[PDB]
């Protein structure tokens, strides 16, 4: 943290922070808190853990008058596959947005298993748009997410009455879900694709549906993007 | 017409007849697409229509006119199967389904107007009843196309 | 088939009646009481540890 | 249900003649029982009608459809309404001198309510 | 309502999972009831006809 701090306020350069296995650092912090021989709190964790994380995640931000900014994206293992975990509950109200992992998508032999429902970012408003990322970013993101969600609802509905009862939006969401899951979701091990490749693959994959099949799209966007 | 008459003709040699059917099929392969009639076939197979002047342009209607009825009105049966399936089951009129069923109504209307012998099927396919049941709909456009098809069945009695 | 379709539909509705104020509420009460008992037991153990 | 392939009929002269003419009639050689019986409004007693109804509906596992004249069905509207099973399917049809009343059909009446 | 005196914590997970799952099953039965109602309605109009 001090290392990232030196490259921002002093050296003035763009920095990115990444923490791995925060759960082990939490158990370590538990042994360290028990080093004061204090009676532990709920589920064997210090009551000052809120402040312990508050002196950690507060190391990220942009400084006024300084060109160099430091950004942090920590990683933590949720206990026993539970979101009720003290770690998740502590980073939940503190950090902005959360990127989870779907055990279903990891055990199905597919790529990166971030559940589309759970995936969110609070700074997503400032990181997209014309001049930031792309004008096709937010609207198509919401459209693809809605396609995956409605696609899941249709996945359950088709698992009920069958595929003979598939409706227009239902079948459209079925193809959209199958595609988004086996393609959009698929990225790579070392593979890094550009934002332009993301917007293009998004418009192209969402092109499977008609122009009026997406109520999540704006007219100006649809006229200046789809081609 | 030359390939049609030659295919309808006879040949003593096996190679002559086989090459005749192959050449006629080869011609009919890209001839149907000009004016692409297969273009609508993709929409029917995918069961999703759109805004195109396929049934609107009289020329396009004349181009695929001969391909409208093959075996027991196979193309016509495939044409009424989509609307019938959008009738007996599903049949929820909002956005896509409405404009698609309406376009199918106008297209099947131009078809019945073109083919006078195409009526006998609509009664036995339950299409007369679905078309008449399409008289009252949520959208004025769907009701207009359906009433147009109703007057179309009313055109020849 | 229509008549049966009604009867079976009624059956489905009955399930909806049971899955509404019955099963859901029962599960809610069970989860709440279990949560209270567990949190209280943890509170007692934590009291023993504090002592 | 799968065993139900035969059609039983209770109706007036014209209806019985027409239906039997169509070829729907059949006589089980072993039981010597028939799947058709000509009915008369004046002569056939209500008890025999109810008996035939109950026998065709519950006593036989091979009945698929029971045909009945509207005029005849009105006489046993009670028993008809009382029948709620999906099989045999209940269809009220008209007879000579007795046109089909929609509200007279017990099943169709049941369907009418709550429309 | 229903209360169980003796609970572990795993039992809470089983009850919670059974609850969410029965909720989803309720949704499925509901949509199924909607479709079956529409179908029975069309079959009713067809029956009068």
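Per-chain residue numbering starts at 1, and chain names A, B, C, D and E are given in the order in which the chains are listed.
The rule is short, and it goes like this: a contact is a pair of C-beta atoms (placed from the backbone, for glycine too) under 8 Å apart; a residue touches a chain by one contact, two chains touch by 3 or more.
Novice: Can you figure out the chain closest to the middle, judged by Cα centres?
Specialist: E
Novice: State the pair with the higher C-beta contact count; candidates are A-E and C-E.
Specialist: C-E
Novice: Mind checking the centre-to-centre distance between chain C and chain D? Centres are C-alpha means, answer in whole Å.
Specialist: Spacing between the chain centres: roughly 49 Å.
Novice: Find the geometric centre of each of chain B and chain C from their Cα atoms only, then give the gap between the two centres in Å, rounded to an integer.
Specialist: Taking the average C-alpha coordinate of chain B and of chain C, the gap between them is 55 Å.
Novice: Quick one: report the Å distance separating chain A from chain D, using the average Cα coordinate of each chain.
Specialist: Chain centres of chain A and chain D, defined by C-alpha means, are spaced 67 Å apart.
Novice: Counting only Cα atoms for the centres, state how far chain A is from chain C in Å.
Specialist: It comes to 32 Å between the two C-alpha centres.
Novice: Tell me, which residues of chain E touch at least two other chains?
Specialist: Answer for chain E, listing residues that touch two or more other chains: 32, 39, 44, 47.
Novice: Give the residues of chain A that touch two or more other chains, as numbers and ranges in rising order.
Specialist: 165 - these are the residues of chain A that touch more than one other chain.
Novice: Two-or-more-chain contact residues of chain D, please, as numbers and ranges.
Specialist: Within chain D, residues 111 contact more than one other chain.
Novice: Report the residues of chain E in contact with chain A in the complex, numbered from low to high.
Specialist: The touching residues are 24, 27-28, 31-32, 35.
Novice: Please name which positions on chain C make contact with chain A in the complex.
Specialist: 42, 46, 49-50
Novice: Where on chain D is chain C touching in the complex?
Specialist: 84, 86, 107, 111
Novice: Give every residue of chain C touching chain E within the complex, in rising order.
Specialist: Against chain E, chain C makes touches at 1-2, 5-6, 8-9, 12-13, 15-16, 19-20, 23-31, 33-35, 37-38.
Novice: Which stretch or stretches of chain A touch chain C in the complex?
Specialist: So the residues of chain A in touch with chain C come to 39-42.
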